[PDB]
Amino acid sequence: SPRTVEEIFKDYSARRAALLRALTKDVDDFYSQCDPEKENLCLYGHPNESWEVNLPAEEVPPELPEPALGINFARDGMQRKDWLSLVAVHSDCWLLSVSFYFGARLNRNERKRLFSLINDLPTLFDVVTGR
C-alpha cells in the first residue's frame, strides 16, 4: 500500500484520472453501465487509471473505504448533469477517504502536505460542473 506523501498522491492522482475519464470522455459508456435494472452498483477508480462499475466488494468490512452504493438507482430520476454532479462529489469524497486511509500513520505536518498536493488538482465536481 502507499505510505509516503508522494506514494499516496501518485495513487490519488491515478484513481482521479480514472474517475475523471468515466465522467467525461467515457461518460456514455459509464452512464450505460449504471443500469437501474441491475443490483446496486458503484463507480471505482483504480491505481492503473482504469475505472470500473461493479457491485460493492465481497469482503465486509472492506479493506479500503468504499464508494457510494447504488448510483444506478438514481440515474433516471434526475437531470443527467445533476446525477453526474452528485456522482462526482461522492467520487471526490471517496478519493479523499482512500488517501487518508492510506495516510492514517502520517503525522499532522505530513497530512497537511498531502492535502496541499491533492488540493493542487481541480475536483471532479469542479470539472464536471464546469466551475
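Numbers for residues come from their place in the sequence shown, where the first is 1.
*Segment of higher mean CA temperature factor, 119 to 127 or 8 to 16*: The stretch with the larger average C-alpha B-factor is 119 to 127.
*Look up the CA B-factors in the entry and say which stretch, 87 to 95 or 55 to 63, has the higher mean.*
Per the PDB entry, the higher value belongs to 55 to 63.
*Considering only modelled residues of the same chain, in which third does the CA B-factor of residue 45 rank: lowest, middle or highest?*
Within its chain, residue 45 is a lowest-third residue by C-alpha B-factor, going by the deposited values.
*Once the chain's modelled residues are ordered by C-alpha B factor and cut into thirds, is residue 113 in the lowest, middle or highest one?*
For residue 113, whose C-alpha B-factor we compare with every modelled residue in the chain, the answer is the lowest third.
*How does residue 78 rank on Cα B-factor within its chain, lowest, middle or highest third?*
Highest third - that is where residue 78 ends up once the chain's C-alpha B-factors are sorted.
*asked:* Please say which third, lowest, middle or highest, residue 69 falls into when its CA temperature factor is compared across its chain.
replied: Its C-alpha B-factor, which the entry lists for residue 69, ranks in the lowest third among residues of this chain.
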